[PDB]
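A.B. asks: A single structure is presented below for examination.
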Amino acid sequence: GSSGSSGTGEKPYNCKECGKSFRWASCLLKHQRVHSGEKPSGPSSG
Ligand SMILES: [Zn+2]
């Protein structure tokens, strides 16, 4: 029960596809690869 404290830190880069965060750009640009090609996760295994 603080209701107020110091420690407001958030990364500048933040993905919109899923809603993740990243310190550097490249770090995010690389993750964007997942939002480029869909992966077989579901109907794959009967
Ligand atoms: Zn994402």
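The chains in the structure tokens are called A, B, ... from first to last as shown; in each chain the residues are counted from 1, and the ligands are counted from 1 in the order shown.
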Write out as CSV the residues of chain A that have any atom within 7 Å of an atom of ligand 1, one row each with the nearest atom pair and its distance in Å to one decimal, counting only C-alpha atoms and all ligand atoms, sorted by chain and then rising number.
C.D. replies:
residue,atom,partner,partner_atom_place_in_ligand_line,distance
A:15,CA,ligand 1,1 (Zn),4.7
A:16,CA,ligand 1,1 (Zn),6.0
A:17,CA,ligand 1,1 (Zn),4.5
A:18,CA,ligand 1,1 (Zn),4.0
A:19,CA,ligand 1,1 (Zn),5.6
A:20,CA,ligand 1,1 (Zn),5.5
A:31,CA,ligand 1,1 (Zn),6.4
A:32,CA,ligand 1,1 (Zn),6.0
A:35,CA,ligand 1,1 (Zn),6.5
A.B. asks: The selected residues should be written to file as an mmCIF file, in the first residue's frame (atoms: C-alpha atoms).
C.D. replies:
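Result file follows (selection-v7.cif):
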data_model
loop_
_atom_site.group_PDB
_atom_site.id
_atom_site.type_symbol
_atom_site.label_atom_id
_atom_site.label_comp_id
_atom_site.auth_asym_id
_atom_site.auth_seq_id
_atom_site.Cartn_x
_atom_site.Cartn_y
_atom_site.Cartn_z
ATOM 1 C CA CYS A 15 5.886 -3.481 -30.343
ATOM 2 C CA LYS A 16 2.245 -2.982 -31.324
ATOM 3 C CA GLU A 17 1.615 -6.412 -32.843
ATOM 4 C CA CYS A 18 1.760 -8.287 -29.536
ATOM 5 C CA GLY A 19 2.612 -5.475 -27.139
ATOM 6 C CA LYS A 20 6.205 -6.099 -26.082
ATOM 7 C CA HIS A 31 11.371 -9.632 -33.104
ATOM 8 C CA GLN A 32 9.184 -8.153 -35.842
ATOM 9 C CA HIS A 35 4.816 -10.811 -37.045
#
A.B. asks: For the structure I just gave you, how does DSSP split chain A - specifically, which residues are strand (DSSP E)? Reply as number ranges by chain.
C.D. replies: A: 13-14, 21-22
A.B. asks: What residues in chain A get the DSSP label helix (DSSP H, G or I)? Please answer as a list in words.
C.D. replies: residues 25, 26, 27, 28, 29, 30, 31, 32, 33, 34 and 35 of chain A
A.B. asks: Near stretch 25-29 of chain A, within 10 Å and counting only C-alpha atoms, which residues show up once chain neighbours fewer than 6 positions away are dropped, as an NGL selection string?
C.D. replies: :A and (12-15)
A.B. asks: Selected residues, N, CA, C and O atoms, written as a compact mmCIF listing (two decimals), in the first residue's frame, please.
C.D. replies:
# COMPACT_ATOMS: atom_id res chain seq x y z
N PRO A 12 11.80 2.90 -24.75
CA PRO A 12 11.29 3.75 -25.83
C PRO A 12 10.62 2.93 -26.93
O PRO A 12 9.59 3.34 -27.48
N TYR A 13 11.21 1.79 -27.25
CA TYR A 13 10.67 0.92 -28.29
C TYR A 13 9.63 -0.05 -27.72
O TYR A 13 9.89 -0.72 -26.72
N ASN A 14 8.47 -0.11 -28.35
CA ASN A 14 7.40 -0.99 -27.90
C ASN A 14 6.60 -1.52 -29.09
O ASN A 14 5.99 -0.76 -29.83
N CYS A 15 6.61 -2.84 -29.25
CA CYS A 15 5.89 -3.48 -30.34
C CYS A 15 4.38 -3.27 -30.20
O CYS A 15 3.86 -3.20 -29.08
A.B. asks: In Å, rounded to a single decimal, give me how far atom CA of residue A:10 is from atom CA of residue A:23.
C.D. replies: 8.8 Å
A.B. asks: Expressed in Å to a single decimal, how great is the separation between atom CA of residue A:24 and atom CA of residue A:11?
C.D. replies: 8.4 Å
A.B. asks: Work out how far atom CA of residue A:22 is from atom CA of residue A:37, in Å to one decimal.
C.D. replies: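 One can read the atom CA of residue A:37 to atom CA of residue A:22 distance as 20.4 Å.
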